[PDB]
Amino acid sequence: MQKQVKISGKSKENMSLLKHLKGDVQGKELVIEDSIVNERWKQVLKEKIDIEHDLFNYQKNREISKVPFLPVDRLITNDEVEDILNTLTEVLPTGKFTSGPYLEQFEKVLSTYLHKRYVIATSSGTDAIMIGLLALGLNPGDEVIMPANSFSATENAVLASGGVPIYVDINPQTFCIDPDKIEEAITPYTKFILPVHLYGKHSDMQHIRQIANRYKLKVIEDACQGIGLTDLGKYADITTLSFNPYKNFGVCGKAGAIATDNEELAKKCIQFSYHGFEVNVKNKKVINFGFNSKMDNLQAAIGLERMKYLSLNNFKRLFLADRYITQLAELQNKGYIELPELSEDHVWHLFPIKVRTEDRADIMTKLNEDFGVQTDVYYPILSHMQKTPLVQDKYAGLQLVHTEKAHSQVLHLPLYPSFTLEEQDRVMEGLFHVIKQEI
């Protein structure tokens, strides 16, 4: 009796798929979930697959002299462009670019994909967080517990709506908020915990929800880099997503989403997202104010096209990350670097290794100068280290030991779905070469 292998495109299921697509028999046991996110799989999976050749067109003998970290022209493929041009041919003459039926359809599709009853699509991930906090009842002075290593948009969303960030240390291996440091930071002004699934890695949400239940806190998660994570939002009151062009799934402009199972909360999000108006009643305010922060109908139509590539693209990211972890194994075994763990709760938006603090600048310089290999560090400045009057006045004396140590060690290697395996070879070879010459 054969166990079926459900292809949802989610992170846990992709992990089994990786094993099966590596093997010789790829038959009826592989069942493609009837979803828009799986559309590009449908055609690919009609035949037996060799991953290297069929998904990556591996050309080991193609000479490579430069490896850009993130060439944006390669983040969108010719087939996506043709798809998008086709849909726009129909959307443009409708004259509906802000409100419209593609926006509504896009929200339903996300709702089904996320298993969340209500989805409110927004004009950015930053707006989603900001509106989410307000809809959850954030008042000026309310404290929000969060990590200090996220992109600046996370703290800005708290600050913009009047909140007070309270920074807490991360787990230095996962780069996510350490749930064992959270309870320490709770005061009578704490109302929120805002975990970030940094680089695509899922935070320890079950533990976080336990602390939150204990102290009656609300949980809003920044999953802007985590689309595709299995069980996303299971333990959160609000989930926020970004669809900016650099994400695992993005549109052609700024956009994001709020997702929730709570109807009263959803309604408030809608009200905040559109001028404080009663839902579907233009010009009639039912709350003090709101923003102009719904997603555009035009981007929604674009999103319905690009979403067709998501499951395949997340799978290719997983393959790339597995290949890094396996081929670089020796550098970790001998204790020169730390590799991320090949886990089910990661969608590989970014790929972090850790190197020695004292060597990082030189490792980066040598990869670039000697081998044309570009790497990067997301993000260069920690929240409590920003040179702002707020930080200077209120965040002096703060020490986050693990966060600061990890921040000095982390190095991101190129990884995106249209990256080639032969570029990756170059990255890995160069890494072996420069690390060995550090010793």
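In case it trips you up, residue 1 is the first one in the sequence shown, and so on.
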Going by the average Cα B-factor in the PDB entry, point out whether 388 to 396 or 52 to 60 comes out higher.
-> 388 to 396
Tell me which of 330 to 338 and 240 to 248 has the higher mean C-alpha B-factor in the deposited entry.
-> 330 to 338
For the listed 139, 156, 112, 187, which has the peak Cα B-factor recorded in the PDB entry?
-> 139
Of 280, 225, 123, 260, which one's C-alpha B factor is largest in the deposited record?
-> 280
Lowest, middle or highest third of the chain for the C-alpha temperature factor of residue 73?
-> highest
Residue 415: CA B-factor among chain residues, third -> lowest
Of the three thirds of the chain ranked by Cα temperature factor, residue 98 occupies the highest
Compared with the other modelled residues in the chain, in which third is the CA B-factor of residue 221?
-> lowest
Ranked C-alpha temperature factor of residue 421 among modelled chain residues, by third | lowest
